[PDB]
file target-v3.tsv (TSV, C-alpha atoms and all ligand atoms)
chain	number	residue	atom	x	y	z
A	1042	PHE	CA	18.32	-18.26	7.99
A	1043	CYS	CA	16.75	-20.09	5.04
A	1044	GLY	CA	17.42	-17.78	2.11
A	1045	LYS	CA	16.85	-14.14	1.27
A	1046	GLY	CA	13.17	-13.22	1.48
A	1047	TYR	CA	10.20	-14.74	3.25
A	1048	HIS	CA	11.03	-18.43	3.46
A	1049	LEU	CA	8.59	-20.87	1.86
A	1050	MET	CA	10.48	-24.18	1.65
A	1051	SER	CA	13.91	-25.70	1.08
A	1052	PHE	CA	15.31	-28.65	-0.84
A	1053	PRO	CA	18.48	-30.58	0.10
A	1054	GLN	CA	21.02	-31.72	-2.48
A	1055	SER	CA	24.07	-33.87	-1.82
A	1056	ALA	CA	27.49	-32.47	-2.73
A	1057	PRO	CA	31.06	-33.81	-2.34
A	1058	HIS	CA	31.77	-33.42	1.39
A	1059	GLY	CA	28.80	-31.07	1.67
A	1060	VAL	CA	25.16	-30.15	1.29
A	1061	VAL	CA	23.50	-27.57	-0.97
A	1062	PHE	CA	20.19	-26.10	0.17
A	1063	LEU	CA	17.90	-24.70	-2.51
A	1064	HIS	CA	15.88	-22.12	-0.59
A	1065	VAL	CA	12.53	-21.31	-2.19
A	1066	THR	CA	11.46	-17.91	-0.86
A	1067	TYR	CA	8.73	-15.36	-1.55
A	1068	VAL	CA	9.95	-11.88	-2.54
A	1069	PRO	CA	7.49	-8.95	-2.75
A	1070	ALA	CA	7.56	-7.01	-6.01
A	1071	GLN	CA	5.82	-4.17	-7.91
A	1072	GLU	CA	4.94	-2.15	-4.82
A	1073	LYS	CA	2.51	0.77	-5.02
A	1074	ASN	CA	1.97	3.82	-2.81
A	1075	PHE	CA	-1.23	4.15	-0.80
A	1076	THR	CA	-2.46	6.60	1.83
A	1077	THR	CA	-2.73	4.88	5.20
A	1078	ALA	CA	-4.43	5.50	8.54
A	1079	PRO	CA	-4.16	3.71	11.89
A	1080	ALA	CA	-7.93	3.47	12.42
A	1081	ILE	CA	-11.29	4.30	10.85
A	1082	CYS	CA	-13.77	6.49	12.73
A	1083	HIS	CA	-17.38	5.39	12.23
A	1084	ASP	CA	-20.45	6.15	14.40
A	1085	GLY	CA	-18.21	7.62	17.09
A	1086	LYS	CA	-16.29	4.34	17.36
A	1087	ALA	CA	-12.74	3.46	16.33
A	1088	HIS	CA	-12.29	0.48	14.01
A	1089	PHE	CA	-8.98	-1.36	13.69
A	1090	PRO	CA	-8.03	-4.05	11.14
A	1091	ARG	CA	-8.36	-7.60	12.41
A	1092	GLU	CA	-5.49	-8.94	10.27
A	1093	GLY	CA	-4.75	-6.35	7.58
A	1094	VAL	CA	-4.14	-2.65	7.02
A	1095	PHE	CA	-6.23	0.32	5.88
A	1096	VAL	CA	-5.19	1.71	2.49
A	1097	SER	CA	-6.55	4.48	0.29
A	1098	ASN	CA	-6.06	4.87	-3.46
A	1099	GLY	CA	-6.98	8.56	-3.24
A	1100	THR	CA	-10.76	8.67	-2.82
A	1101	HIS	CA	-11.88	5.37	-1.27
A	1102	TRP	CA	-10.73	3.40	1.78
A	1103	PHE	CA	-10.16	-0.36	1.77
A	1104	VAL	CA	-8.57	-3.02	3.98
A	1105	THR	CA	-5.92	-5.34	2.54
A	1106	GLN	CA	-3.46	-7.98	3.68
A	1107	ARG	CA	-0.04	-6.55	4.50
A	1108	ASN	CA	2.07	-8.58	2.06
A	1109	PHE	CA	-0.12	-8.44	-1.07
A	1110	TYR	CA	-2.45	-5.81	-2.50
A	1111	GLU	CA	-5.99	-7.19	-2.31
A	1112	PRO	CA	-8.40	-4.34	-1.50
A	1113	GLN	CA	-11.63	-5.30	0.24
A	1114	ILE	CA	-14.57	-3.27	1.53
A	1115	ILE	CA	-14.21	-2.19	5.16
A	1116	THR	CA	-16.83	-4.17	7.09
A	1117	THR	CA	-17.48	-5.25	10.66
A	1118	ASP	CA	-16.27	-8.77	9.80
A	1119	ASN	CA	-12.63	-7.76	9.19
A	1120	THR	CA	-12.38	-4.94	11.76
A	1121	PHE	CA	-12.81	-4.73	15.52
A	1122	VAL	CA	-13.99	-1.86	17.72
A	1123	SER	CA	-11.99	-0.59	20.72
A	1124	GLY	CA	-12.85	2.80	22.18
A	1125	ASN	CA	-13.96	6.04	20.57
A	1126	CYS	CA	-12.27	8.27	17.99
A	1127	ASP	CA	-10.87	10.80	20.48
A	1128	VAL	CA	-7.77	8.84	21.58
A	1129	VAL	CA	-6.14	7.43	18.43
A	1130	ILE	CA	-3.82	9.90	16.70
A	1131	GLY	CA	-4.42	10.16	12.96
A	1132	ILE	CA	-7.82	8.45	12.78
A	1133	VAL	CA	-9.77	9.36	9.64
A	1134	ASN	CA	-13.49	9.36	8.93
A	1135	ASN	CA	-14.89	6.67	6.65
A	1136	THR	CA	-17.99	4.50	6.51
A	1137	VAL	CA	-17.98	0.90	7.75
A	1138	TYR	CA	-20.31	-1.46	5.91
A	1139	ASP	CA	-22.52	-3.88	7.83
A	1140	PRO	CA	-23.31	-7.26	6.20
A	1141	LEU	CA	-26.35	-7.74	8.46
A	1142	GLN	CA	-28.00	-4.46	7.35
A	1143	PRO	CA	-29.57	-5.67	4.02
A	1144	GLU	CA	-30.81	-8.83	5.77
A	1145	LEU	CA	-33.13	-6.95	8.13
A	1146	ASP	CA	-33.69	-4.21	5.55
A	1147	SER	CA	-35.37	-6.72	3.22
B	856	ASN	CA	60.77	-7.21	14.87
B	857	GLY	CA	58.84	-8.36	11.82
B	858	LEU	CA	55.35	-7.75	13.23
B	859	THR	CA	52.94	-5.79	11.04
B	860	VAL	CA	49.32	-4.80	11.63
B	861	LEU	CA	47.16	-4.93	8.53
B	862	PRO	CA	44.39	-2.32	8.36
B	863	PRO	CA	40.80	-3.58	8.29
B	864	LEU	CA	39.11	-3.72	4.90
B	865	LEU	CA	36.10	-1.77	6.20
B	866	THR	CA	37.02	1.50	7.88
B	867	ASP	CA	35.12	2.90	10.87
B	868	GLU	CA	33.18	5.46	8.80
B	869	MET	CA	32.03	2.78	6.32
B	870	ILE	CA	30.93	0.48	9.16
B	871	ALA	CA	29.07	3.45	10.65
B	872	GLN	CA	27.50	4.03	7.22
B	873	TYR	CA	26.37	0.38	7.13
B	874	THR	CA	24.81	0.73	10.59
B	875	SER	CA	23.14	3.98	9.46
B	876	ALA	CA	21.69	2.19	6.43
B	877	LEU	CA	20.38	-0.62	8.64
B	878	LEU	CA	18.86	1.90	11.08
B	879	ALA	CA	17.21	3.84	8.26
B	880	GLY	CA	15.79	0.65	6.77
B	881	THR	CA	14.43	-0.65	10.06
B	882	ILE	CA	12.93	2.73	11.04
B	883	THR	CA	11.38	3.75	7.72
B	884	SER	CA	10.51	0.30	6.35
B	885	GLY	CA	10.35	-2.10	9.31
B	886	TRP	CA	11.34	-5.62	8.29
B	887	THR	CA	10.40	-5.24	4.61
B	888	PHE	CA	13.88	-4.13	3.49
B	889	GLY	CA	15.44	-7.31	4.90
B	890	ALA	CA	13.26	-9.59	2.76
B	891	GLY	CA	13.18	-7.61	-0.48
B	892	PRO	CA	12.51	-4.04	-1.59
B	893	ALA	CA	12.14	-1.46	1.15
B	894	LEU	CA	8.44	-0.64	1.59
B	895	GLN	CA	7.72	2.57	3.48
B	896	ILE	CA	5.41	2.38	6.48
B	897	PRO	CA	4.68	4.91	9.26
B	898	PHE	CA	6.58	4.09	12.44
B	899	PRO	CA	3.51	3.83	14.78
B	900	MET	CA	1.92	1.39	12.33
B	901	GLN	CA	5.18	-0.58	12.27
B	902	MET	CA	5.21	-0.64	16.08
B	903	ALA	CA	1.59	-1.84	15.99
B	904	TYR	CA	2.67	-4.67	13.66
B	905	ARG	CA	5.41	-5.60	16.13
B	906	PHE	CA	2.85	-5.49	18.95
B	907	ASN	CA	0.68	-7.88	16.93
B	908	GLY	CA	3.71	-10.13	16.51
B	909	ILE	CA	3.97	-10.62	20.28
B	910	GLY	CA	0.22	-11.13	20.69
B	911	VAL	CA	-0.94	-7.64	21.72
B	912	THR	CA	-3.72	-5.92	19.76
B	913	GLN	CA	-3.13	-2.76	17.71
B	914	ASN	CA	-5.54	-0.67	19.83
B	915	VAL	CA	-3.28	-0.98	22.89
B	916	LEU	CA	-0.38	0.52	20.94
B	917	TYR	CA	-2.46	3.31	19.36
B	918	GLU	CA	-4.25	4.39	22.55
B	919	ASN	CA	-1.01	4.51	24.58
B	920	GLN	CA	1.26	5.81	21.80
B	921	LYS	CA	2.47	8.86	23.76
B	922	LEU	CA	3.28	6.76	26.84
B	923	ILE	CA	5.14	4.18	24.74
B	924	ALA	CA	7.14	6.90	22.96
B	925	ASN	CA	8.02	8.54	26.29
B	926	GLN	CA	9.09	5.19	27.77
B	927	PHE	CA	11.21	4.39	24.71
B	928	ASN	CA	12.95	7.79	24.81
B	929	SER	CA	13.56	7.46	28.56
B	930	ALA	CA	14.99	3.96	28.10
B	931	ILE	CA	17.33	5.12	25.31
B	932	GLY	CA	18.57	7.96	27.52
B	933	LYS	CA	19.07	5.54	30.41
B	934	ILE	CA	21.06	3.27	28.06
B	935	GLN	CA	23.37	6.15	27.12
B	936	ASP	CA	23.80	7.16	30.78
B	937	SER	CA	24.45	3.54	31.83
B	938	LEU	CA	27.09	3.09	29.13
B	939	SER	CA	28.73	6.41	30.05
B	940	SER	CA	28.70	5.60	33.78
B	941	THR	CA	29.88	1.96	33.86
B	942	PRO	CA	33.55	1.03	33.26
C	696	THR	CA	37.59	3.84	-2.63
C	697	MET	CA	34.94	1.14	-2.52
C	698	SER	CA	31.24	1.98	-2.64
C	699	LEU	CA	29.08	0.23	-0.05
C	700	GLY	CA	25.86	0.23	-2.07
C	701	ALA	CA	23.64	2.35	-4.25
C	702	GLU	CA	21.85	5.06	-2.29
C	703	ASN	CA	18.12	4.43	-1.83
C	704	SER	CA	16.31	7.17	0.08
C	705	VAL	CA	13.04	5.64	1.28
C	706	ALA	CA	10.18	8.13	0.90
C	707	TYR	CA	9.04	8.06	4.51
C	708	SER	CA	6.02	10.08	5.58
C	709	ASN	CA	3.60	9.77	8.47
C	710	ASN	CA	0.61	8.68	6.37
C	711	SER	CA	1.91	6.76	3.32
C	712	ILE	CA	2.45	3.01	2.97
C	713	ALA	CA	3.85	0.86	0.16
C	714	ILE	CA	1.92	-2.34	-0.57
C	715	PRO	CA	3.24	-5.06	-2.92
C	716	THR	CA	1.07	-5.89	-5.91
C	717	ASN	CA	3.10	-8.87	-7.17
C	718	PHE	CA	5.63	-11.45	-6.07
C	719	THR	CA	8.69	-13.35	-7.24
C	720	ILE	CA	9.39	-16.96	-6.31
C	721	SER	CA	13.15	-16.84	-5.77
C	722	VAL	CA	15.34	-19.93	-5.38
C	723	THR	CA	18.77	-19.34	-3.85
C	724	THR	CA	21.69	-21.67	-3.17
C	725	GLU	CA	23.45	-22.21	0.15
C	726	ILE	CA	26.54	-24.42	0.18
C	727	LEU	CA	27.65	-25.85	3.52
C	728	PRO	CA	30.60	-28.21	4.06
C	729	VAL	CA	29.73	-31.23	6.21
C	730	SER	CA	32.75	-33.55	6.40
C	731	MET	CA	36.45	-33.72	5.54
C	732	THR	CA	38.62	-36.47	4.14
C	733	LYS	CA	39.28	-39.06	6.84
C	734	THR	CA	43.07	-39.18	7.09
C	735	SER	CA	45.06	-41.49	9.36
C	736	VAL	CA	48.81	-41.19	9.90
C	737	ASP	CA	50.90	-44.05	11.27
C	738	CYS	CA	53.16	-42.09	13.63
C	739	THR	CA	55.87	-44.76	13.83
C	740	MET	CA	55.88	-45.34	10.07
C	741	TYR	CA	55.82	-41.60	9.29
C	742	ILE	CA	58.66	-40.63	11.63
C	743	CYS	CA	60.82	-43.74	11.30
C	744	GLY	CA	59.76	-45.89	8.34
D	745	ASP	CA	69.31	-9.75	9.24
D	746	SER	CA	71.65	-12.67	10.02
D	747	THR	CA	72.49	-14.66	6.89
D	748	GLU	CA	73.87	-17.62	8.88
D	749	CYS	CA	70.71	-17.85	11.00
D	750	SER	CA	68.53	-17.88	7.86
D	751	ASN	CA	70.75	-20.58	6.32
D	752	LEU	CA	70.32	-22.72	9.44
D	753	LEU	CA	66.58	-21.91	9.48
D	754	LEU	CA	66.19	-23.25	5.93
D	755	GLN	CA	67.08	-26.75	7.20
D	756	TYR	CA	63.75	-26.95	9.08
D	757	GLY	CA	61.67	-26.61	5.92
D	758	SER	CA	58.36	-24.83	5.32
D	759	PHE	CA	57.45	-23.97	8.92
D	760	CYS	CA	57.60	-20.24	8.12
D	761	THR	CA	55.30	-20.67	5.12
D	762	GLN	CA	52.81	-22.56	7.31
D	763	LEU	CA	52.80	-19.83	9.97
D	764	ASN	CA	52.45	-17.03	7.40
D	765	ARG	CA	49.62	-18.92	5.66
D	766	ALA	CA	47.79	-19.42	8.97
D	767	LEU	CA	48.13	-15.73	9.89
D	768	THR	CA	46.95	-14.72	6.40
D	769	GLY	CA	43.93	-17.00	6.81
D	770	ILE	CA	43.09	-15.36	10.15
D	771	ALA	CA	43.52	-11.89	8.61
D	772	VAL	CA	41.16	-12.61	5.71
D	773	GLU	CA	38.77	-14.35	8.15
D	774	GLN	CA	38.40	-11.13	10.17
D	775	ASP	CA	37.42	-9.17	7.04
D	776	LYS	CA	35.00	-11.94	6.07
D	777	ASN	CA	33.47	-11.75	9.56
D	778	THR	CA	33.01	-7.98	9.27
D	779	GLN	CA	31.40	-8.41	5.82
D	780	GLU	CA	29.06	-11.10	7.15
D	781	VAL	CA	27.98	-9.09	10.19
D	782	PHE	CA	27.59	-5.60	8.74
D	783	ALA	CA	27.27	-5.91	4.94
D	784	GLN	CA	23.84	-7.53	4.86
D	785	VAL	CA	22.16	-4.80	2.78
D	786	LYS	CA	23.12	-3.73	-0.73
D	787	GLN	CA	21.16	-0.45	-0.59
D	788	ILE	CA	22.38	2.47	1.53
D	789	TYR	CA	19.13	3.73	3.02
D	790	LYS	CA	18.83	7.26	4.39
D	791	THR	CA	16.41	8.84	6.84
D	792	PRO	CA	14.01	11.60	5.74
D	793	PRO	CA	15.09	15.18	6.59
D	794	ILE	CA	12.04	15.68	8.85
E	1201	LIG	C1	5.75	6.95	-3.56
E	1201	LIG	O1	5.81	8.39	-3.49
E	1201	LIG	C2	7.14	8.90	-3.28
E	1201	LIG	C3	6.99	10.40	-3.13
E	1201	LIG	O2	5.66	10.82	-3.39
E	1201	LIG	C4	8.04	8.49	-4.45
E	1201	LIG	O3	9.37	8.90	-4.16
E	1201	LIG	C5	9.93	9.70	-5.23
E	1201	LIG	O4	10.04	8.98	-6.48
E	1201	LIG	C6	10.56	9.79	-7.55
E	1201	LIG	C7	10.54	8.94	-8.80
E	1201	LIG	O5	11.80	8.33	-9.03
E	1201	LIG	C8	11.96	10.29	-7.19
E	1201	LIG	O6	12.44	11.13	-8.23
E	1201	LIG	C9	11.91	11.06	-5.88
E	1201	LIG	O7	13.22	11.47	-5.49
E	1201	LIG	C10	11.31	10.17	-4.79
E	1201	LIG	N1	11.25	10.88	-3.52
E	1201	LIG	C11	11.84	10.44	-2.41
E	1201	LIG	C12	11.67	11.29	-1.19
E	1201	LIG	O8	12.48	9.39	-2.39
E	1201	LIG	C13	8.01	6.97	-4.62
E	1201	LIG	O9	8.75	6.59	-5.77
E	1201	LIG	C14	6.58	6.47	-4.75
E	1201	LIG	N2	6.55	5.02	-4.84
E	1201	LIG	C15	5.73	4.36	-5.67
E	1201	LIG	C16	5.84	2.86	-5.64
E	1201	LIG	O10	4.95	4.94	-6.41
E	1202	LIG	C1	-10.22	3.71	-5.89
E	1202	LIG	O1	-10.82	2.41	-6.10
E	1202	LIG	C2	-12.25	2.45	-6.22
E	1202	LIG	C3	-12.72	1.02	-6.33
E	1202	LIG	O2	-12.43	0.48	-7.62
E	1202	LIG	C4	-12.63	3.31	-7.43
E	1202	LIG	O3	-14.05	3.39	-7.52
E	1202	LIG	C5	-14.50	3.03	-8.84
E	1202	LIG	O4	-14.11	4.00	-9.85
E	1202	LIG	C6	-14.52	3.63	-11.18
E	1202	LIG	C7	-13.97	4.69	-12.11
E	1202	LIG	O5	-14.16	5.99	-11.57
E	1202	LIG	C8	-16.05	3.52	-11.23
E	1202	LIG	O6	-16.45	3.12	-12.53
E	1202	LIG	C9	-16.52	2.50	-10.20
E	1202	LIG	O7	-17.94	2.44	-10.19
E	1202	LIG	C10	-16.02	2.91	-8.82
E	1202	LIG	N1	-16.45	1.95	-7.82
E	1202	LIG	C11	-17.00	2.30	-6.65
E	1202	LIG	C12	-17.39	1.18	-5.74
E	1202	LIG	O8	-17.18	3.48	-6.35
E	1202	LIG	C13	-12.05	4.71	-7.25
E	1202	LIG	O9	-12.35	5.52	-8.38
E	1202	LIG	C14	-10.54	4.61	-7.08
E	1202	LIG	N2	-9.95	5.93	-6.92
E	1202	LIG	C15	-9.00	6.41	-7.72
E	1202	LIG	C16	-8.51	7.79	-7.41
E	1202	LIG	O10	-8.56	5.76	-8.67
E	1203	LIG	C1	-14.91	13.25	11.64
E	1203	LIG	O1	-16.24	13.17	12.17
E	1203	LIG	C2	-16.38	13.78	13.46
E	1203	LIG	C3	-17.80	13.50	13.92
E	1203	LIG	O2	-18.68	13.37	12.82
E	1203	LIG	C4	-16.06	15.27	13.34
E	1203	LIG	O3	-16.15	15.88	14.63
E	1203	LIG	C5	-17.01	17.04	14.59
E	1203	LIG	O4	-16.31	18.22	14.15
E	1203	LIG	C6	-17.16	19.38	14.06
E	1203	LIG	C7	-16.31	20.49	13.47
E	1203	LIG	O5	-15.28	20.88	14.37
E	1203	LIG	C8	-17.71	19.71	15.44
E	1203	LIG	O6	-18.58	20.83	15.34
E	1203	LIG	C9	-18.47	18.51	15.99
E	1203	LIG	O7	-18.90	18.78	17.32
E	1203	LIG	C10	-17.58	17.27	15.99
E	1203	LIG	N1	-18.31	16.11	16.46
E	1203	LIG	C11	-17.78	15.18	17.26
E	1203	LIG	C12	-18.68	14.04	17.64
E	1203	LIG	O8	-16.62	15.25	17.65
E	1203	LIG	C13	-14.65	15.44	12.79
E	1203	LIG	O9	-14.36	16.82	12.60
E	1203	LIG	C14	-14.53	14.72	11.45
E	1203	LIG	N2	-13.18	14.84	10.93
E	1203	LIG	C15	-12.92	15.09	9.64
E	1203	LIG	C16	-11.47	15.19	9.27
E	1203	LIG	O10	-13.81	15.23	8.81
E	1204	LIG	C1	3.28	-10.24	-11.87
E	1204	LIG	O1	4.56	-10.55	-12.43
E	1204	LIG	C2	4.51	-11.66	-13.34
E	1204	LIG	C3	5.94	-11.95	-13.75
E	1204	LIG	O2	6.62	-12.72	-12.77
E	1204	LIG	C4	3.60	-11.29	-14.52
E	1204	LIG	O3	3.51	-12.39	-15.42
E	1204	LIG	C5	3.84	-11.98	-16.76
E	1204	LIG	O4	2.72	-11.38	-17.45
E	1204	LIG	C6	3.04	-10.93	-18.78
E	1204	LIG	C7	1.80	-10.26	-19.32
E	1204	LIG	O5	0.63	-11.02	-19.03
E	1204	LIG	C8	3.51	-12.12	-19.63
E	1204	LIG	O6	3.87	-11.65	-20.92
E	1204	LIG	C9	4.69	-12.79	-18.95
E	1204	LIG	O7	5.08	-13.94	-19.70
E	1204	LIG	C10	4.32	-13.21	-17.54
E	1204	LIG	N1	5.44	-13.84	-16.87
E	1204	LIG	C11	5.39	-15.08	-16.36
E	1204	LIG	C12	6.64	-15.58	-15.71
E	1204	LIG	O8	4.36	-15.76	-16.42
E	1204	LIG	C13	2.22	-10.96	-13.98
E	1204	LIG	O9	1.35	-10.57	-15.04
E	1204	LIG	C14	2.33	-9.81	-12.97
E	1204	LIG	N2	1.02	-9.47	-12.44
E	1204	LIG	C15	0.64	-8.21	-12.20
E	1204	LIG	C16	-0.74	-8.03	-11.65
E	1204	LIG	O10	1.38	-7.25	-12.42
E	1205	LIG	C1	1.34	14.09	9.41
E	1205	LIG	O1	2.10	15.31	9.57
E	1205	LIG	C2	1.39	16.49	9.16
E	1205	LIG	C3	2.35	17.65	9.31
E	1205	LIG	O2	3.64	17.32	8.83
E	1205	LIG	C4	0.13	16.64	10.01
E	1205	LIG	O3	-0.59	17.80	9.60
E	1205	LIG	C5	-0.74	15.40	9.84
E	1205	LIG	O4	-1.89	15.50	10.66
E	1205	LIG	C6	0.06	14.16	10.23
E	1205	LIG	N1	-0.74	12.96	10.05
E	1205	LIG	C7	-0.73	11.94	10.91
E	1205	LIG	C8	-1.62	10.78	10.56
E	1205	LIG	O5	-0.04	11.95	11.92
call {"tool": "encode", "arguments": {"input": "target-v3.tsv", "output": "structure tokens"}}
result
Amino acid sequence: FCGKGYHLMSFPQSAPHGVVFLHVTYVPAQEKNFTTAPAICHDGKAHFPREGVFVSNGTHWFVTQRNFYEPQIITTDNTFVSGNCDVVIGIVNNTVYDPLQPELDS
Amino acid sequence: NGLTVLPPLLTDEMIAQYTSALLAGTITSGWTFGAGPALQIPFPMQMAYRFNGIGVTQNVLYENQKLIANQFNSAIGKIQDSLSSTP
Amino acid sequence: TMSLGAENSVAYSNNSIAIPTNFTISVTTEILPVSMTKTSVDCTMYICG
Amino acid sequence: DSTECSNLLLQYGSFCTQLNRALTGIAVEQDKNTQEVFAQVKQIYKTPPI
């Protein structure tokens, strides 16, 4: 409706008997392949991304936002737990870091 | 008596090809192809994204994936039967 | 015979995703007419002078 | 094919040109509508074989 791509903003310009809209949009570019999984199995529990997606570069698993590649460590802060690992089809095994663990470890 | 019918610029096979391209883009890439380059995504993950769009968590889609697929297939068959059976 | 578009077979598989690593800020133009010339015709003067 | 009818028809002016122009505009409008509705992608995507 407001240009090709994900719409960011628009600017109006007057024209003889008309209007010209300059649509400023965000277009994704330079995409890269990654191996993906619906959920991460850790401690017999299924972890799902709170806002992002699980990606793998070949050896390690990360969670990133869907529209830009920004890999982050899979923690309890950006994932949520619902059920065990026996129901979700295609769940893979990976560790889930806990931020609270070094606090009581020290 | 001077009446002529001009053929359409797009023939039926080309329009079908356009619909096929749109179907392939929306199945294999979701909504990414409409906003830029087509980015591949698995279809259950795409359905989970759509579920998140309407305010339902991903777990609900993943746990009940077989039921959702069965319901979708049944609905598509009912659509074909309804179109074939209604004048 | 016209070609609809270049063929682009998307490499779909059940466990692979494509994630963008960059972005382009694209500005596009959309031209919409708003008004016409306001024309008035005097019917008596046009038909009869 | 009547020459006399065409000669009398010429007295009325450019009515025929107006009607032909309007029909031509409708005919191109239909093609424009089909382009707008269906030709929204410039890549012909195809499904995987499996
Ligand atoms: C992601 O991987 C797929 C397949 O592993 C790549 O698709 C192939 O790309 C090569 C390079 O041009 C083509 O010759 C093949 O025909 C493609 N295969 C299919 C099925 O389309 C794809 O290019 C990769 N994408 C990225 C961003 O690396
Ligand atoms: C996937 O990304 C991770 C994170 O960067 C890579 O792990 C690093 O690899 C480099 C080079 O082998 C090491 O120097 C770093 O110490 C690693 N970091 C961690 C936290 O392990 C990993 O190698 C990448 N995988 C591939 C196949 O490229
Ligand atoms: C992911 O981890 C689970 C649990 O650690 C693995 O399930 C075990 O699989 C072995 C081998 O078949 C069985 O003997 C155990 O009884 C299973 N344990 C449970 C709790 O189910 C699972 O195989 C792992 N998957 C992968 C791909 O490594
Ligand atoms: C993302 O793309 C932009 C281009 O839009 C890249 O910016 C270019 O970077 C090169 C090398 O540093 C410069 O020579 C160009 O002048 C830059 N272009 C502009 C418009 O500034 C950017 O580096 C890319 N980023 C990644 C991570 O690939
Ligand atoms: C993807 O399909 C292959 C077989 O084609 C299967 O072995 C694999 O488990 C599937 N992965 C997922 C996540 O469904």
call {"tool": "residues_near_ligand", "arguments": {"input": "target-v3.tsv", "ligand": "ligand LIG 1204 (chain E)", "cutoff": "7 Å", "atoms": "only C-alpha atoms and all ligand atoms", "output": "list in words"}}
result
residues 716, 717, 718 and 719 of chain C
call {"tool": "interface_residues", "arguments": {"input": "target-v3.tsv", "of": "chain C", "to": "chain A", "cutoff": "7 Å", "atoms": "all atoms listed in the file", "output": "list in words"}}
result
residues 710, 711, 712, 713, 714, 715, 716, 717, 718, 719, 720, 721, 722, 723, 724, 725, 726, 727, 728, 729, 730 and 731 of chain C
call {"tool": "residues_around", "arguments": {"input": "target-v3.tsv", "residues": "range 1081-1091 of chain A", "least_positions_apart": "2", "cutoff": "12 Å", "atoms": "only C-alpha atoms", "output": "PyMOL selection string"}}
result
(chain A and resi 1077-1079+1093-1097+1102-1107+1113-1139) or (chain B and resi 900+903-904+907+911-918)
call {"tool": "atom_distance", "arguments": {"input": "target-v3.tsv", "atom1": "CA of residue 771 in chain D", "atom2": "CA of residue 859 in chain B"}}
result
11.5 Å
call {"tool": "residues_near_ligand", "arguments": {"input": "target-v3.tsv", "ligand": "ligand LIG 1202 (chain E)", "cutoff": "7 Å", "atoms": "all atoms listed in the file", "output": "list in words"}}
result
residues 1098, 1099, 1100 and 1101 of chain A
call {"tool": "write_last_selection", "arguments": {"input": "target-v3.tsv", "atoms": "C-alpha atoms", "output": "tab-separated table (two decimals), in the coordinates of the input"}}
result
chain	number	residue	atom	x	y	z
A	1098	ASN	CA	-6.06	4.87	-3.46
A	1099	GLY	CA	-6.98	8.56	-3.24
A	1100	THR	CA	-10.76	8.67	-2.82
A	1101	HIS	CA	-11.88	5.37	-1.27
call {"tool": "atom_distance", "arguments": {"input": "target-v3.tsv", "atom1": "CA of residue 885 in chain B", "atom2": "CA of residue 902 in chain B"}}
result
8.6 Å
call {"tool": "residues_around", "arguments": {"input": "target-v3.tsv", "residues": "range 862-866 of chain B", "least_positions_apart": "3", "cutoff": "7 Å", "atoms": "all atoms listed in the file", "output": "number ranges by chain"}}
result
B: 869-870; D: 775
call {"tool": "atom_distance", "arguments": {"input": "target-v3.tsv", "atom1": "atom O1 of ligand LIG 1203 (chain E)", "atom2": "CA of residue 1145 in chain A"}}
result
26.6 Å
call {"tool": "axis_aligned_box", "arguments": {"input": "target-v3.tsv", "around": "range 712-726 of chain C", "padding_each_side": "4 Å", "output": "lines of an AutoDock Vina configuration file"}}
result
center_x = 13.8
center_y = -10.7
center_z = -2.1
size_x = 33.5
size_y = 35.4
size_z = 18.2
call {"tool": "interface_residues", "arguments": {"input": "target-v3.tsv", "of": "chain B", "to": "chain C", "cutoff": "9 Å", "atoms": "all atoms listed in the file", "output": "number ranges by chain"}}
result
B: 869, 872-873, 879-880, 883-884, 893-899
call {"tool": "write_last_selection", "arguments": {"input": "target-v3.tsv", "atoms": "C-alpha atoms", "output": "PDB file, in the frame of the given file"}}
result
ATOM      1  CA  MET B 869      32.030   2.780   6.320  1.00  0.00           C
ATOM      2  CA  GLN B 872      27.500   4.030   7.220  1.00  0.00           C
ATOM      3  CA  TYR B 873      26.370   0.380   7.130  1.00  0.00           C
ATOM      4  CA  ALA B 879      17.210   3.840   8.260  1.00  0.00           C
ATOM      5  CA  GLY B 880      15.790   0.650   6.770  1.00  0.00           C
ATOM      6  CA  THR B 883      11.380   3.750   7.720  1.00  0.00           C
ATOM      7  CA  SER B 884      10.510   0.300   6.350  1.00  0.00           C
ATOM      8  CA  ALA B 893      12.140  -1.460   1.150  1.00  0.00           C
ATOM      9  CA  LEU B 894       8.440  -0.640   1.590  1.00  0.00           C
ATOM     10  CA  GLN B 895       7.720   2.570   3.480  1.00  0.00           C
ATOM     11  CA  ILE B 896       5.410   2.380   6.480  1.00  0.00           C
ATOM     12  CA  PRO B 897       4.680   4.910   9.260  1.00  0.00           C
ATOM     13  CA  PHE B 898       6.580   4.090  12.440  1.00  0.00           C
ATOM     14  CA  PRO B 899       3.510   3.830  14.780  1.00  0.00           C
TER      15      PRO B 899
END
call {"tool": "closest_residue", "arguments": {"input": "target-v3.tsv", "among": "D:794, D:774, D:764, D:746", "to": "chain B", "atoms": "only C-alpha atoms"}}
result
D:774
call {"tool": "closest_atom_pairs", "arguments": {"input": "target-v3.tsv", "of": "chain D", "to": "ligand LIG 1201 (chain E)", "cutoff": "12 Å", "atoms": "all atoms listed in the file", "output": "JSON lines"}}
result
{"residue": "D:789", "atom": "CA", "partner": "E:LIG1201", "partner_atom": "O8", "distance": 10.3}
{"residue": "D:790", "atom": "CA", "partner": "E:LIG1201", "partner_atom": "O8", "distance": 9.5}
{"residue": "D:791", "atom": "CA", "partner": "E:LIG1201", "partner_atom": "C12", "distance": 9.6}
{"residue": "D:792", "atom": "CA", "partner": "E:LIG1201", "partner_atom": "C12", "distance": 7.3}
{"residue": "D:793", "atom": "CA", "partner": "E:LIG1201", "partner_atom": "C12", "distance": 9.3}
{"residue": "D:794", "atom": "CA", "partner": "E:LIG1201", "partner_atom": "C12", "distance": 11.0}
